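# Geometric and topological summary
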Amino acid sequence: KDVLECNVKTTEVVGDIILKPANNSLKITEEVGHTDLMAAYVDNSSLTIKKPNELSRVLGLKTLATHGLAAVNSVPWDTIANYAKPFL
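Residues numbered from 1 in each chain as written, not as in the entry; some residues may be left out. Heavy atoms only, no water.

As documented in the archive entry, the model was determined using X-ray crystallography at 2.20 Å resolution.

Under the annotation held in the PDB entry, the chain carries the name Papain-like protease nsp3 and is attributed to Severe acute respiratory syndrome coronavirus 2.

Next comes the structure, spelled out in structure tokens:
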């Protein structure tokens, strides 16, 4: 199984990969929401969503549960920017 060093608190199996606890590592979004997308737009950052919901699917986003290590900071900037502008 593939391994991801991230900010999880317990060792967890998500899909076909494993999240291992590492302090001050990669931030993990459990399920994407409005605040997560608003913060990624402001922080000049991407997102690593761990489990999918309706919003992540309709935005065509990759999650750790469905895409493994490929979801690491995989949320494109055009998606974050286009979602967040009706709210500014």
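### Examining the overall build of the chain
If you tally the helices and strands in the chain, you get four helices and three strands. Along the chain, from the amino end to the carboxyl end, the secondary structure elements read β-β-β-α-α-α-α. Computed over its C-alpha atoms, the radius of gyration of the chain comes to 13 Å, within 12% of the 12 Å expected for a compact globule of 88 residues. Across its three principal directions, the C-alpha atoms of the chain cover 40 × 25 × 15 Å. Long-range pairs, those at least 24 residues apart, make up 35% of the contacts in the chain between residues at least 6 apart in sequence. (Helix = DSSP H or I, 4+ residues; strand = E, 2+ residues; numbered from the N terminus. Rg over C-alpha atoms; globule rule 2.2 N^0.38 Å. Contact = heavy atoms within 4.5 Å.)

### Quick word on unusual backbone geometry
Phi is positive for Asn-44, which is not a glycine, with a value near 55°. Mapping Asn-44 onto the fold places it in the loop between α1 (34-42) and α2 (54-58). Under the relative-accessibility criterion, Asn-44 is labelled exposed at 64%. The backbone of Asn-73 shows a phi angle near 55°, a positive value even though the residue is not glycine. (Buried < 20%, exposed > 50% of the residue type's maximum accessible area, 1.4 Å probe, protein only.)

### Some thoughts on the environment of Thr-48
Along the chain, the position of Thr-48 falls in the loop between α1 and α2. For the pair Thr-48 and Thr-10, spaced 38 residues apart in the sequence, the C-alpha separation amounts to 17 Å. In contact with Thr-48, other than residues within four places in its own chain, are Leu-26, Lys-27, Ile-28, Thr-29, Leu-64, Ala-71, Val-72 and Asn-73. A polar atom in the side chain of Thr-48 sits 2.8 Å from the backbone nitrogen of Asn-73. (Polar contact = N/O pair within 3.5 Å; in protein donor to acceptor, adjacent residues only side chain to side chain.)

### Brief notes about the layout of surface pockets
Taken as a whole, the largest pocket holds about 200 Å³ of empty space. Taken together, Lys-27, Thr-29, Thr-35, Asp-36, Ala-39, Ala-40, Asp-43, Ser-45, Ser-46, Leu-47, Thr-48 and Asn-73 make up the lining of the largest pocket. Considered class by class, the residues forming the lining of the largest pocket number three nonpolar, six polar and three charged. (1 Å grid on protein atoms, 1.4 Å probe; cavity = no way out; pocket = protein on both sides within 12 Å on 5 of 7 lines; lining within 4 Å. Points joined across faces, edges and corners; volume = space filled by probe spheres on them. Nonpolar A, V, L, I, M, F, W, Y, C, P; charged D, E, K, R; others polar.)

### What to know about the pairing of strand β3 (residues 17-21)
Looking at chain direction, strand β1 (residues 2-6) and β3 are connected through five bridges and run parallel. When the sheet's bridge partners are listed, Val-3 is paired in β3 with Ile-18. Examined bridge by bridge, strand β2 (residues 12-14) and β3 share three bridges and lie antiparallel to one another. Among the inter-strand pairings, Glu-12 is bridged to a residue of β3, identified as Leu-19. (Pairing = 2+ DSSP bridges.)

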